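Input: a single structure, listed below in structure tokens.
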Amino acid sequence: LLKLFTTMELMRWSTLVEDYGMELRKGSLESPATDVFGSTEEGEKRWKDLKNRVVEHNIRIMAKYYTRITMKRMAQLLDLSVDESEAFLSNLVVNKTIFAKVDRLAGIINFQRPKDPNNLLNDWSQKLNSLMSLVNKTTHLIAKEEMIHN
Amino acid sequence: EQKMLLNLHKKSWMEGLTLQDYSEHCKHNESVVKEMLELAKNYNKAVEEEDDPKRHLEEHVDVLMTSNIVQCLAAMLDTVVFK
Amino acid sequence: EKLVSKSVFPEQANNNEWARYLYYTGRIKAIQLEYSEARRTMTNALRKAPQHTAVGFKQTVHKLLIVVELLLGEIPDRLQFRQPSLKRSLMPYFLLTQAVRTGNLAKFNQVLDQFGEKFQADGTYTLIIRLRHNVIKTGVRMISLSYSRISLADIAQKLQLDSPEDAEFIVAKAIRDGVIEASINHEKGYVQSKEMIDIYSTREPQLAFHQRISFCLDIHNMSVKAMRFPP
Amino acid sequence: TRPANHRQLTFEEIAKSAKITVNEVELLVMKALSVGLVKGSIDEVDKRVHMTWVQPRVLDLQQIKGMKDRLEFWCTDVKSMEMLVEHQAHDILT
Amino acid sequence: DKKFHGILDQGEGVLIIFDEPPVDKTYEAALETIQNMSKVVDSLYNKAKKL
Amino acid sequence: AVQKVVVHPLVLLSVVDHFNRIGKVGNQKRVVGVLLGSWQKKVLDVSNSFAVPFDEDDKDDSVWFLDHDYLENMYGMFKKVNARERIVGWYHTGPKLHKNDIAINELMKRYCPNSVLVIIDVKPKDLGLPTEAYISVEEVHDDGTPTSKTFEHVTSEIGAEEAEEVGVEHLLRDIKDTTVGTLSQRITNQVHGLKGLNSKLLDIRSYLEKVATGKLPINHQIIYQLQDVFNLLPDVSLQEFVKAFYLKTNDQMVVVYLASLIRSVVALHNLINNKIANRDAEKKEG
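Chains as they are written, first to last, in the authors' numbering: chain W, 305 to 454; chain c, 213 to 263, 279 to 310; chain V, 268 to 498; chain a, 283 to 376; chain X, 371 to 421; chain Z, 5 to 290.
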């Protein structure tokens, strides 16, 4: 479970529940389950907060990876309804946690910030500089390889 | 020895085709054009009250023209060369 | 027309001679149906007129420019008719412009009957007849300017055209002749204008700035080139 | 195998190639990107996965011949533009 | 009233939002300089009357 | 490993003088000397160098002699003069390294474990970078290949000390270009960059031809770094890139136009003033 949150991949709350609910909440003689996620009311509150953490981690992963994901797809991947996912995303956006722009009319959750011409051409120039530099490295090493294999 | 002392400050070939930071070029253009605006005000006042804004204006124009022309030409060369 | 095609007018000439040549060339192109180039040439001639020295030449240039601009379908500047020197001279042309803009062909025929003979003295009668038969181009241009997806039936209704097919013919001809920027979806009969694209994102501003820069550099080269330092 | 200009990948080709469902290509490319072999991005309204590469591979004689032909084309273009630039800018060059 | 930036699309029913591009100070200063040398050209027109 | 080797003008001038001194009478291949300098976090600074009497035979590519005691007491003298200079490598003027150089590099390693040999091609004068710094490495080659000595390349550059800087600037004093650049020199810099890119691409194409024809073995690695070059192409004519490019081109073009207009108005004012002045002089003559 700890290594799961360190991996930059979506974890499905349904699958995570199906694989960890008995081990964490219920437990057994061989698995001394803690009181953190017990059947108590505070246990259920902590369970809801765990689901919130899971969906926040998933949302961060999508923001890292996706650019324009449909709202229904995000709802399916977050194990939430469309309205619940929309409300959670709006809450995250307002608190400046993540950057998103919910195009509600079409159901688009575009993540990338607007690309000004300045930054676009700056990225183009950076790509060109890297290309030239590693071309120079390749030329030097090609000279080395020819030189050794006389 | 003359040429291989010249090799000291000689710019690399990647420097000729490199492009100045576009976000910096715009700020430089803004600054120099605003100075040119103040210079144009001074030049209008001086020429009207005649019957050194001119030199400063000419220097600013030289700077602006060389910077923008070089950046544009480097952009075109980079667009054609790398495809 | 043959000579001006063969001979080349020297650029390094008097602005007065340049203005006269531009006026004559504009008249040539107006008669030769090259209306847009004639309008541009006559506008340049008017711009190069000797400020306020040649009342008659300016009056004739204004008359011809107004006529050709009306032929293009563009309503001219109103100020032309209210100038102290060109008020009475262009007053018949004021009536002509009002008649065509209002779309009242009866007013056009009326002003032809009364003051049209004066056009013969002004050497513009043929152009005025061409405009009498080309008035509808102005209405088509107005419709294109205002609307963006106006149907053919609405165009015929607003242009007094008897049939929608006549409207189709007129709008297609106007589109081909470089007066409109629309296309007629004949499948359901609506005229969709070419959607306006961000010109600053295109190469047009670069070309305009190129012309301006070339002119400025040529001006600097001419000014520095003489410098007239006496011995 | 993409021609390096239309680097975008459609959903159907991935589904038909890896014989997997169209709902699994998304997670598969996500895993590949997470491992560190892809640096692209994922779209959903068009569901075309944008593609950029930082994970090279082994070459072959035919592939080397083709890619050196591409490099020859690149160098020919560079030489042509260099010739044009020096010819047009002869006086200013100094 | 120049509050929150956006335009309503009544045709379908939408209020778009954007980031109000600054103004491009370079172009405004260029316009001011064009006006300034228009004034300078008028001043030169006041000159050049001495042939 | 070493990140960089910054070579001062003094060592390149000294190796030039050494090669001219030897080849003036002793027509011979590469001449060997020792490179001294100061270390840093990881970047070497080569500052002074000296020549060690060396001989070689083209037969068996192993009949050579570089003196040991000569190196030792040249360093003794140099350290007595300046103790900050440490043995940090060696140099030879040969454009290509020989099969022999491995032994000399091991001999230098005996004096400095992280010894880096700098090839200085005194005879050719070309595009640039007349110094190539090479370091011996030893590994199992990771991907299961037979092991050998090999000379891993380390990047090099030409820096200068303030005294050397003023010395070289005064030494040129007749072909030094303006540091402000101006349009002519920026355009020539662009042309030089295009020429250098063409030369590098031509060299890479020749290497690829040698590999494909079998005259050189497929490296199977680094070659895919050249493939990474091939992938890094910006792919211009993309719609967003085209729009941004046009926007910035127009943004620069309007400034160019404004400056050209400013210059034209200034020139017109100057011409008006000159005409007024010459007419004033003509009328005041009478």
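Heads up, the beta-carbon is just placed ideally off N, CA and C, and yes, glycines get one too.
- Around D59 of chain Z, the same chain offers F69 as residues with beta carbons nearer than 6 Å, after the five sequence neighbours per side are excluded.
- At least 9 Å separates the CB of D412 of chain X from every CB of chain Z.
- By the neighbour-count criterion, in which 16 or more other beta carbons inside 10 Å mark a residue as buried, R306 of chain V falls on the buried side.
- Between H332 of chain a and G322 of chain a, the alpha-carbon positions lie close to 5 Å from each other.
- Per the Cβ contact rule, the segment 409-427 of chain W is in contact with the segment 247-257 of chain Z (3 or more Cβ pairs under 8 Å).
- Between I373 of chain W and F415 of chain W, the CB-CB gap stays under 9 Å.
- Listed by position along chain W, the residues whose Cβ is nearer than 9 Å to that of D359 of chain a form an empty set, because the closest Cβ is around 15 Å away.
- Counting every other CB atom within 10 Å of its CB across the protein chains shown gives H273 of chain Z a total of 16 or more, marking it as buried.
- Residue range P13 to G27 is occupied by the alpha helix (DSSP H) that includes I26 of chain Z, with no beta strand (DSSP E) assigned at that position.
- Here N452 of chain V is bridged, per DSSP, to V:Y457.
- Counting the other CB atoms within 10 Å of its CB gives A366 of chain V a total of 16 or more, which places it among the buried residues.
- The C-beta distance from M378 of chain W to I413 of chain W rounds to 6 Å, short enough to meet the 8 Å contact threshold.
- Cβ-Cβ separation between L220 of chain c and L17 of chain Z: approximately 10 Å, too far for a contact (criterion under 8 Å).
- Taking 7 Å as the cut-off between beta carbons, none of the residues of the segment 249-281 of chain Z comes near chain a.
- Under the DSSP assignment, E165 of chain Z falls outside any alpha helix (DSSP H); it carries neither an H nor an E label.
- Restricting attention to Z:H157, Z:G218, Z:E168 and Z:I191, the CA atom closest to the CA of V9 of chain Z is found in Z:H157.
- Within chain a, the C-beta atoms nearer than 7 Å to that of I227 of chain Z come from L341, in chain order.
- In this structure, the alpha-carbon of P391 of chain X lies about 36 Å from that of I342 of chain V.
- Close partners of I412 of chain W in chain a (Cβ separation under 9 Å): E326 and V327.
- Interface with chain X (9 Å Cβ-Cβ cutoff): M248 of chain c is included.
- Counting along the chain, no alpha helix (DSSP H) covers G37 of chain Z; the unbroken beta strand (DSSP E) around it starts and ends at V36 to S42.
- The criterion of a C-beta distance shorter than 9 Å is satisfied by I226 of chain Z and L445 of chain W.
- Taking every protein chain shown into account, the CB of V386 of chain W has fewer than 16 other CB atoms within 10 angstroms, so this residue is exposed.
- Apart from the 5 residues on each side of it in sequence, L315 of chain a has no Cβ closer than 6 Å to any other Cβ in its chain.
- Each residue's CA atom was taken as its position, placing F436 of chain V and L393 of chain W some 55 Å apart.
- Chain c has no Cβ within less than 9 Å of the Cβ of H157 of chain Z.
- The beta carbon of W285 of chain V sits closer than 6 Å to the beta carbons of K315 from its chain, once the five residues preceding and following it are set aside; these are given in chain order.
- Within the segment 329-353 of chain W, not one residue has a Cβ closer than 7 Å to any Cβ of chain Z.
- Bounds of the alpha helix (DSSP H) holding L212 of chain Z are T186 to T217.
- With its beta carbon less than 9 Å from one in chain Z, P421 of chain W belongs to the interface.
- At a C-beta separation below 9 Å, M349 of chain a has no neighbours in chain W, since its nearest C-beta there lies roughly 13 Å away.
- The C-alpha of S299 of chain a lies about 54 Å from the C-alpha of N109 of chain Z.
- The Cβ neighbour count for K419 of chain X, taken over all protein chains shown within 10 Å, is under 16; the residue is labelled exposed.
- Remark: three or more beta-carbon pairs, one from each stretch, lie closer than 8 Å, so the segment 221-236 of chain Z and the segment 335-352 of chain a are flagged as touching.
- For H96 of chain Z, there is no enclosing alpha helix (DSSP H); the enclosing beta strand (DSSP E) covers residues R90 to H96.
- Under the Cβ distance rule, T442 of chain W counts among the residues neighbouring chain Z, one pair being separated by less than 9 Å.
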